[PDB]
Structures are given as structure tokens and as C-alpha cells.
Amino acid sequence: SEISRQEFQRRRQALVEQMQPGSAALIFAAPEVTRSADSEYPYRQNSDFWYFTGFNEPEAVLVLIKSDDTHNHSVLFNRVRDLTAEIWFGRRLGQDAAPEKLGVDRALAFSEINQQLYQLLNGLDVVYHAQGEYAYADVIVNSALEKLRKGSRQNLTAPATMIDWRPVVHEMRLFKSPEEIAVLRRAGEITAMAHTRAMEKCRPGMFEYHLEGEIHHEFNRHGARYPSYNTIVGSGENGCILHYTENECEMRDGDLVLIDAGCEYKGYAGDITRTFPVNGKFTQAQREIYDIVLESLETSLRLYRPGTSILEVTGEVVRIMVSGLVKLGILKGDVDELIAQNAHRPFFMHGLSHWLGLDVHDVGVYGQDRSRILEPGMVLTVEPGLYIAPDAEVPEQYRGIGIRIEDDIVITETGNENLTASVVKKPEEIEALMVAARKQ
């Protein structure tokens, strides 16, 4: 699945529709980033720039100009075609093919932006710019505005009003279109298949990074070259480190391994976490903690629907957690008192859900304490977890256990659709999967 040219047009028009008359929106591409000396990291386009173009090149600027409610045109600044540069650093789109390829009215060379931008802003009343987003963008924009401000004798005028378009554009990104939901759906499938692979390949003696290797390769087999975030493979006590990325230890028989990995498909993020036994068999202690986390997830999956909020569902999860922890002797006291004291905090110290989209931790207003009412089209994760420190003062069998189970869902008219349920999470199903794979 993918995003059509029409969709890109719709998005631009939807932004223009909210812009004042006599204004221009400036959206800059992400700059290239050095990995070491003269080598660069694989390029990653700025999410917002990508959202409006699907164009994967740096040194590009999208200019949306609105004359009035029925008139608006676009200008794209991008790298000029250069026989030399291209024979070296890959083919470039250029000005000639840009208009048709990206559906823009006009295309100019990025090398001429300082000679052209002020001319496009001259006479307008408002300019939409994400100030502070990129240093190079601010230089270009500030330089253009200064020329207009100081050019009264040349009859130039600078728009006195500058508005940050991030709030409006991110509000748009918060609601996925059918096309986006289709792409995210494929991202979930690919990511799930990867997690299934990891579970089937896992064997005591293998290192954490080995599972990382299996996962990244599965992403690649389906057209998702890069992960949407650095893969986490924490076995044993490493499972208690929320963003453990070293993945440098030997996985040990008897430990659990927590894998949080997600592919990036057509710019969209998959985000799954599955915790399972390295030897394919949950111990009683591991099961007792796992069950609490799984119930939290399953209940949350049942509750999420339009009308509720992340804050409200989180309340149910906290109750489930405090109750289970008390039954196991990890927490002592009255459930309700413990809840009012957030006694679960030492074991579940992060949120239950976050928006998901072009960025794994997607943009969009959450509202105070993430109280915003959910509506159809919003995409989010559901990731309860329990992490018991190696030195926690609880029964020995629970110390050093880190478990998280995370699925990605899209809110629908009547509830939600689980995009990542194709990879098992019920203990009996996880063991069966691993046992079946081990017959080879």
C-alpha cells in the first residue's frame, strides 16, 4: 500500500484552507547528518516535509502561497540536476521533472533560494514558519524577511505576522486517512512478522543483537529498509532498562527477553513489544508477572474506542496492576489506598499509549495528562509493562524481571482495530510457537 499523489494534493489544500489570505507557508526538508568524518547516516526526511510531498531529498523547501479563498499556488525549491554530483551521490529530481512528479506549480533551484524567497514573501501579510525547527531554515527565512524590512526604498514590504504551522499540521497528522491507515496496517504486519521470526529463532547461547539481526532482515524482506526507532532486545535484567539498545549480552536459559522493534514503511512506524522466555517456557514467577501485563493489554484493547481517553483507560490498567501486585506480595496494603498513592509507579513508570504515525512517538495534542477524548482516525500504541529492579524489595523470584507487551491500534467508529495482533502474545501461544520452531 502507499500514499497517492492525490492524497499529497489533498493535504496541501487542507493546510492552505486553514491559512489566512495573503500568506505563505514554508516547509523545509531535513538536513543531511554526519555519521563520522565524510560518511553520512542514511537520509531521513523531515516528517512534516514528507507528509506534504513524499519527496526524499535534502535542501528542498515547499512554499504554499495563498492569495485568497479560491486562489493559491505552490513553489518548490530543490537541488538542481548536476551531472557530476549525480554520478556520485545518486540521481536528483531537478526543476524540470519536479512540477509533474510532485504536483507543484513551479520549481526553482535551492541554490537560488536567497535570491528568490524574499520575492515570494514580498507584499504578503503572514508567513507560516516553524521557527527553531532547523538552524539553516531560520537563517534563510530571517535573511529574506530582513531584505524586505530594509527594502522600503525598493518598495518591498515584509509580512509582519509569523505563525508556527506545527500546531495545525500536527493536528492534521493526528487523524489518519484511509490510505495512511492502510500503510500503517502493512507496517504492523511487517513488524509482527519480524517479532514472530525473533521468537522462532531465539535459542539460549545466542546474543541479544542476533535477534536484532533477524528482525531487521525481516523488515527488509518486505520493503521496509529501516527501523522506525533503535531496536531494543533486553534479556534478563536488561529488560528493566526501558530504552536498552546495547543488545550486547548472551541470552541465558531461564531469562525472559523483551523485544521492542518497529519497521518504517513508506515513512510510517510500526511499534511492537513482545516479551517471551529465552528457552520457550515461562516459569511460574515469569507467568505471574506476564499475566498482569497481558490482562492490562487485553482489557485496554477492549476499552479503547471513541469517547474514552488514554487517561481513563490508564486508570483501569493501574487498578489491574496494583491488584495483581498485591496478590503476589509485591505490594502490601489496601488496593484503593495503594492506587491513590500510585504505588505501582516503581514498577510501571511510563505511559500506556502514545500517538503513532510518521514518527513512532507521533505528533498531536494529548491534552492535560493525556485526557483528550479519542475519535476515529487516531492511531496509538497500547503498551503496559512491569519492571521489577534486580534489587527491589520484593520476593526474590520477581527481582530483575522486565516485561512489556505492545500493540498498535487505530480508533474506529465503534471501537478500534488491532494492527499488530498477527504476532501472538498469549503465553500458551508463545510457547507453542517456539516449540514448533524448535523441531528445526
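Start at 1 with the first residue shown and count on from there.
Comparing 173-181 with 337-345, the one whose average Cα B-factor in the PDB entry is higher = Averaging CA B-factors over each stretch, the winner is 337-345.
ask   = In the PDB record, does 135-143 or 81-89 carry the higher mean Cα temperature factor?
value = That would be 81-89.
message = Given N46, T381, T34, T70, identify the residue with the highest C-alpha B factor in the PDB entry.
response = The C-alpha B-factor peaks, among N46, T381, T34, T70, at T70.
inquiry  = Just the C-alpha B-factor column, please: which of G324, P227, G234, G205 has the biggest number?
reply    = Of the options given, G324 has the highest CA B-factor in the PDB entry.
ask   = Lowest, middle or highest third of the chain for the C-alpha temperature factor of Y268?
value = CA B-factor rank for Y268: lowest third.
request  = Taking the chain's C-alpha temperature factors as the reference, tell me which third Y244 falls into: lowest, middle or highest.
outcome  = Highest third, going by the recorded CA B-factors of the chain.
task = Taking the chain's C-alpha temperature factors as the reference, tell me which third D260 falls into: lowest, middle or highest.
result = Lowest third, going by the recorded CA B-factors of the chain.
query = Among the modelled residues of its chain, does the C-alpha B-factor of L211 lie in the lowest, middle or highest third?
reply = Ranked within chain, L211 CA B lands in the lowest tercile.
key: Third assignment of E57 from its chain's C-alpha B-factors   = As the PDB entry reports it, the C-alpha B-factor of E57 lands in the middle third of its chain.
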